[PDB]
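Visitor: Below is a structure I'd like to ask you about.
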Amino acid sequence: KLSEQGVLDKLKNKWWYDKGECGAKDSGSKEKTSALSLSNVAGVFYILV
Amino acid sequence: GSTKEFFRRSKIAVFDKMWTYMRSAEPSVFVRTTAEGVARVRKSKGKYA
């Protein structure tokens, strides 16, 4: 009876996801853009020397 | 106050999700008085509403 009323699904959604420290939208919301580092373009220096 | 009791007994799906976040949040987003609430907005550098 509890499985057909969705009460077993409502309890699993509460303890697993609502008590979760990081949500799906938590890590998704943080974006940033970074400058290019030397390790990206380091191979062109190795060809040059 | 009546502001907190509005989100508690609400059944709108937008307002149900907002009360779920404010229930399970550490540290406490709730403030004691109005003057403390305006004080947090000015000093949190755009992170508190």
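By order in the structure tokens, chains are A, B, ...; within a chain, residues start at 1; ligands start at 1, following the order shown.
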Write down as a PyMOL selection string the residues belonging to chain A that are assigned alpha helix (DSSP H) by DSSP computed on the backbone.

Guide: chain A and resi 7-13+24-29+42-48

Visitor: Residues of chain B within 10 Å of chain A, counting only C-alpha atoms - could you list those as a list in words?

Guide: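 Taken together, these residues fit the definition: residues 20, 21, 24, 25 and 26 of chain B.
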
Visitor: If I take atom CA of residue A:12 and atom CA of residue A:27, how far is one from the other in Å, to one decimal?

Guide: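 Separation of atom CA of residue A:12 and atom CA of residue A:27: 21.5 Å.
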